[PDB]
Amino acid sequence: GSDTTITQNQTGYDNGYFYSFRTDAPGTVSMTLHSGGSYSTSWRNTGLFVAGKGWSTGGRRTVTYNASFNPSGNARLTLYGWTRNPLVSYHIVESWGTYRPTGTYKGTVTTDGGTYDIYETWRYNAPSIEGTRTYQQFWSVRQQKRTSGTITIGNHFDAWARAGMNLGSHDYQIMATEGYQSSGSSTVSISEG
């Protein structure tokens, strides 16, 4: 009598949190929306998807999350978001499945008890929140996997800026489960503080 499960691309507000669900493989992945800042995902022989809860306008907020993260294959557990002007997507990657994400290495930041490698990558004529675009992606990837704890997001944005990785005006910001050509499940809860 109350959680909702979705299977079609959409964004909105559920139980007081913004959420986004997107896939290029409809029918292979779903998202179940729980109370507060929590949700689950389940996926089976999927294509690409990203799903999560958080805020429709991101910023430097310190956040705390807890997750069950059970990928069989390539997947990430990430504080993920976008800016515009310039258009950039960013990923603060707390855990991953078979593959650890990398890109052009730009240093490290030590925050919330862990050390993260910083990377930049580019996407050329690729999908984005503004349609097909060429744009940058910024990454902080933890040196060891974690599935709960605090992310002082402003420390990542400051570290990126010291490496020349400049953000624009914030669009959404979510604690996401990202998957590629894998199966698995997650349950993720996020809140500020």
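Residues carry their position along the shown sequence, with the first being 1.
Of the two segments, 122 to 130 and 22 to 30, the one listed with the higher mean B-factor is 122 to 130 (C-alpha atoms only). Taking only CA atoms, the mean B-factor in the PDB entry is higher for 160 to 168 than for the other of 62 to 70 and 160 to 168. Looking at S182, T177, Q173, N15, the one whose CA carries the top B-factor in the deposited record is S182. Each of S42, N45, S56, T150 has a CA temperature factor in the record; the biggest one is found at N45. The deposited CA B-factor of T5 belongs to the middle third of values across its chain. Sort the chain's modelled residues by C-alpha temperature factor and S95 lands in the middle third, per the entry. Ranked by Cα temperature factor within the chain, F49 sits in the middle third according to the deposited record.
The entry lists a Cα temperature factor for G81 that places it in the lowest third of the chain's modelled residues. Per the deposited record, the Cα B-factor of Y135 falls in the highest third when ranked against the other modelled residues of its chain.
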